[PDB]
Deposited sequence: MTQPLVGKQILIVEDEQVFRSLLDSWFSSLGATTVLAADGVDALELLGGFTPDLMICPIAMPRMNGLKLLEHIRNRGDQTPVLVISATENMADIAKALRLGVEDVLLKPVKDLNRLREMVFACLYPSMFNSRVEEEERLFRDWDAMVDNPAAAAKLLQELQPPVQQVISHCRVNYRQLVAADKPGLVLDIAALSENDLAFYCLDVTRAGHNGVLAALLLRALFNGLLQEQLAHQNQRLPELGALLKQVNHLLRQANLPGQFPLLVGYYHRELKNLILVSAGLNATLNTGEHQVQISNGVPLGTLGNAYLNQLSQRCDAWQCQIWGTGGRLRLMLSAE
């Protein structure tokens, strides 16, 4: 959750779009403050300086460009992202002169799909927010495959840890590349967790970059999904579909073999889905061999139906051409 400790001012007169933006940023860990229009936004800025304000141009009482010029003329360096349906280039030129993160354009319907555009726009600043040295910001990573790779290796989980009342162990069993098969495991609450394994050798440099972006946004994507259902019933295939649209929008083409898993320590449910990776699950019940040779980045729609198996302890070999690892979980 990369935005913990950060405040976002969401200015939006349309309730449907405001609630969407509220969910996306809350799921990344941000504190979100809501404003109905530009005067309400300006009044609220009287009390705090957010790490980001998001606003349209057209809106009641005070438009977005007069609000932007107002805070710029006063001295604020507050980052501003504009999301507008304007048809006037003078609006665009005025916003870029005044200083914005970007001016994004809306669609007629389907505001849901703006999420990838927004996250891909903002993700540089999220990576740089932890660079707190312009040899180590996001652009230097894009332009230096060696630095990118070794940073990714430095970020691998420890081989042994306790997450959500579970002992989680893993071990790399082959050394095919610099980084090869990469892994991340995260608590979703005190009682469940999720993980993914990504082979970064099939897209090369884009694979490392994809892994750094996914490490920052994976948890938040699952949190957003769980937030909209009463029973914590994750749909990992919907996650694969969204990660694929995210990498596409982030300009990270290539092949990304990716396995996603979820485990609830009380319900004892293990859920797996694999796009492009092999896995062998051993429990007390069965041995289960899963295969799928179609990685992310090769289909428009990356949705897959997930597998679920109740169990108390399990171990899982995951391999692709990039390497092989063993992930193990038992009760703490």
Q. Numbering the deposited sequence from 1, which residue ranges have no coordinates here?
A. 1 to 2, 135 to 137
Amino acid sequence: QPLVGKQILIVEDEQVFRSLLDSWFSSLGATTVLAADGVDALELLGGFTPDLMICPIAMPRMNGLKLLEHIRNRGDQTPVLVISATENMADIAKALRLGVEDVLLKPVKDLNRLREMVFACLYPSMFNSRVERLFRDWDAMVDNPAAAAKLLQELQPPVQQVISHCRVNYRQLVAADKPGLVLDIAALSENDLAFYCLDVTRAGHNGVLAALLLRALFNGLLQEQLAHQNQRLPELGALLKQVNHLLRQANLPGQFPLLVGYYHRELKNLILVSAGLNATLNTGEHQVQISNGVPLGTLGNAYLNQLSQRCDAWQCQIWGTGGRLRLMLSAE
From here on, numbers count along this sequence of modelled residues.
Q.
Regarding 305 to 313 and 12 to 20, which shows the higher C-alpha temperature factor on average in the entry?
A. 12 to 20
Q. Which has higher Cα B-factors on average according to the PDB entry: 208 to 216 or 222 to 230?
A. 222 to 230
Q) Based on the PDB record, which member of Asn88, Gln249, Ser84, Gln172 exhibits the highest Cα temperature factor? A) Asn88
Q: Among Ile71, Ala194, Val243, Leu258, single out the one with the highest C-alpha B factor in the record, please.
A: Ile71
Q: Ordered by C-alpha B-factor within the chain, which third holds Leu183? Give me lowest, middle or highest, please.
A: lowest
Q | Chain-relative CA temperature factor third for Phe135 | A | highest
**Q.** Ranked C-alpha temperature factor of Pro124 among modelled chain residues, by third
**A.** middle
Q. If you rank the chain by CA B-factor, which third does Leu236 end up in: lowest, middle or highest?
A. lowest
Q: Could you say whether, by C-alpha temperature factor, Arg265 belongs to the lowest, middle or highest third of its chain?
A: middle
